[PDB]
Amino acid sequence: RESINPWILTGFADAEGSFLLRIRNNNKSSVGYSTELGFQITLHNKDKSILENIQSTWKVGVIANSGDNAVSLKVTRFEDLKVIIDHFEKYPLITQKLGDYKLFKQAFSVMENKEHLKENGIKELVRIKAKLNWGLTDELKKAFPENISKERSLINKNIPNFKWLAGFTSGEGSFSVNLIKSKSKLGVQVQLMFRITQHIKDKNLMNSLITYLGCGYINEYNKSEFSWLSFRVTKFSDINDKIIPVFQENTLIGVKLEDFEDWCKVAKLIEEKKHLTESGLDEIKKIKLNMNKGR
């Protein structure tokens, strides 16, 4: 249908994408293992069009259901990985995921030489997989008895432009209408809240948003050993002047675009002070009920 700006796409990839490298026990392979290399995105059913638009932009990839409520785009046809590579050389990732892309490239090169059909190419792929995403299973690591490093170098890069940021925010942002039980006349303060969420491994990136957007602050949270960061803007002046124009100018994708649009309607109400009238409050309550999970 519609095609996606290449930096918007990279941003969305930084947010939602995943590189994959399968090294599979296989009785029929001359070396006892077969491989599969690729890139994939899994979204809620409601955002299938993003997947289809990505498929259209690159002209690669297979779309399929992923359980009852999700759908995926997977690219594993080896020739088509050349497209993935060319895209991310001209429009590179900036989160720690770049590290996974660099490993995907190393694995691509081994397979391009057909070395994965030989002991030494398989061994090499196990060394690559060992640093990729969640690394080797215990079964695979006991099968290749050699000291295999699990570390790679931290990525540290800057937001390259607003188009990447709109792609990334299309993945990781949220636009909240926070209805606060307040001591004022109407009894409800209306608070617009923009947030961007992301694992701590990319702290430097999340801290940069403060200066990159000239507003906001960051909260840290965890569930047991699992920590992440939350970039939040709540000052209406920053919302209206700094957040909203960025994304009016750099268009979000997916149903999150509708949420931002509803959020902007509420912004206009606030700017006109109608959030201080019972009838404006009613409309704002009705916008909220129908955005995000209520859509």
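All residue numbers are counted from 1 along the displayed sequence.
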Mean Cα B-factor check, 30-38 vs 266-274, entry values; winner is 266-274
Which is higher on average in the deposited entry, the C-alpha temperature factors of 183-191 or of 126-134? 183-191
Given 80, 220, 172, 86, the residue at which the Cα B factor reaches its maximum: 220
Third assignment of residue 154 from its chain's C-alpha B-factors: highest
Within this chain's modelled residues, let me know which third the CA B factor of residue 102 belongs to: lowest, middle or highest. lowest
In terms of its chain's C-alpha B-factors, the third that includes residue 69 is the highest
Against its chain's modelled residues, does residue 57's Cα B factor rank lowest, middle or highest third? middle
Could you place residue 93 in the lowest, middle or highest third of its chain by Cα temperature factor, using the values in the record? lowest
